[PDB]
Amino acid sequence: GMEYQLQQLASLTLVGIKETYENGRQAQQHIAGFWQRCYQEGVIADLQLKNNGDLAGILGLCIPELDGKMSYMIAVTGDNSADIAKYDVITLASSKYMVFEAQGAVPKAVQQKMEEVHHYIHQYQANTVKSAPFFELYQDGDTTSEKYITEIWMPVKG
């Protein structure tokens, strides 16, 4: 079902790498490959060394762009300093969130759930959702498992 938990975050510093796609659907078709490349290059290992634990996992941050484009940033919550400048180092502004769970193999289960979440918001949270970045949060585990849990954090007003 579309059960969620309300959570709130202070403003966070996110350190990572961003890719911008033409729109939401083209993003879905490139995101797995983007994760594969970051893994292959050692970017994931490097970001995990910077992970300060503010969020327990690594983020797939979805950044709706003003011109209709969709950016995806692979990132971790980190501390700010000159070092982080090699990567993109941005502030995710404080917000309340509805936090959903996708259970299943990454990326298919996450993209299925994300589609359900957008639909749920489109029907039932039209005037409560915020136009701000939203994210997938990945804990360690076996992401190929049909039992793997990914959190989906959608910003809401309040």
# chains A, B, ... in the order shown; residues from 1 in each chain; ligands from 1

call {"tool": "residues_around", "arguments": {"residues": "residue 109 of chain A", "least_positions_apart": "4", "cutoff": "10 Å", "atoms": "only C-alpha atoms", "output": "ChimeraX atom specification"}}
result
/A:102-105,113-115,144-150

call {"tool": "residues_around", "arguments": {"residues": "residue 65 of chain A", "least_positions_apart": "4", "cutoff": "9 Å", "atoms": "only C-alpha atoms", "output": "PyMOL selection string"}}
result
chain A and resi 20+23+69-71

call {"tool": "write_last_selection", "arguments": {"atoms": "N, CA and C atoms", "output": "JSON list (two decimals), in the first residue's frame"}}
result
[["chain", "number", "residue", "atom", "x", "y", "z"],
["A", 20, "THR", "N", 22.12, 15.22, -15.60],
["A", 20, "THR", "CA", 20.86, 15.85, -15.95],
["A", 20, "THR", "C", 20.34, 15.18, -17.19],
["A", 23, "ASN", "N", 14.13, 14.61, -19.27],
["A", 23, "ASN", "CA", 12.90, 14.56, -18.49],
["A", 23, "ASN", "C", 12.87, 13.34, -17.57],
["A", 69, "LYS", "N", 13.54, 19.51, -17.16],
["A", 69, "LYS", "CA", 14.54, 18.45, -17.10],
["A", 69, "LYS", "C", 14.54, 17.81, -15.73],
["A", 70, "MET", "N", 15.20, 16.66, -15.63],
["A", 70, "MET", "CA", 15.28, 15.96, -14.38],
["A", 70, "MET", "C", 16.74, 15.59, -14.15],
["A", 71, "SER", "N", 17.28, 16.03, -13.02],
["A", 71, "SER", "CA", 18.64, 15.66, -12.62],
["A", 71, "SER", "C", 18.58, 14.58, -11.54]]

call {"tool": "residues_around", "arguments": {"residues": "residue 117 of chain A", "least_positions_apart": "5", "cutoff": "9 Å", "atoms": "only C-alpha atoms", "output": "count of residues only"}}
result
6

call {"tool": "residues_around", "arguments": {"residues": "residue 32 of chain A", "least_positions_apart": "6", "cutoff": "10 Å", "atoms": "only C-alpha atoms", "output": "list in words"}}
result
residues 106, 107 and 108 of chain A

call {"tool": "atom_distance", "arguments": {"atom1": "atom CA of residue 155 of chain A", "atom2": "atom CA of residue 96 of chain A"}}
result
5.8 Å

call {"tool": "residues_around", "arguments": {"residues": "residue 15 of chain A", "least_positions_apart": "6", "cutoff": "7 Å", "atoms": "only C-alpha atoms", "output": "PyMOL selection string"}}
result
chain A and resi 75-78+84+87-90

call {"tool": "atom_distance", "arguments": {"atom1": "atom CA of residue 134 of chain A", "atom2": "atom CA of residue 153 of chain A"}}
result
5.7 Å

call {"tool": "atom_distance", "arguments": {"atom1": "atom CA of residue 93 of chain A", "atom2": "atom CA of residue 8 of chain A"}}
result
10.9 Å

call {"tool": "select_by_dssp", "arguments": {"residues": "chain A", "states": "strand (DSSP E)", "output": "number ranges by chain"}}
result
A: 5-9, 12-21, 58-64, 70-77, 88-92, 95-103, 134-138, 149-156

call {"tool": "closest_residue", "arguments": {"among": "A:45, A:142, A:135, A:52", "to": "residue 73 of chain A", "atoms": "only C-alpha atoms"}}
result
A:135

call {"tool": "select_by_dssp", "arguments": {"residues": "chain A", "states": "helix (DSSP H, G or I)", "output": "ChimeraX atom specification"}}
result
/A:24-41,43-50,83-86,108-124

call {"tool": "residues_around", "arguments": {"residues": "segment 126-131 of chain A", "least_positions_apart": "2", "cutoff": "7 Å", "atoms": "only C-alpha atoms", "output": "count of residues only"}}
result
8

call {"tool": "closest_residue", "arguments": {"among": "A:48, A:82, A:74, A:95", "to": "residue 140 of chain A", "atoms": "only C-alpha atoms"}}
result
A:48
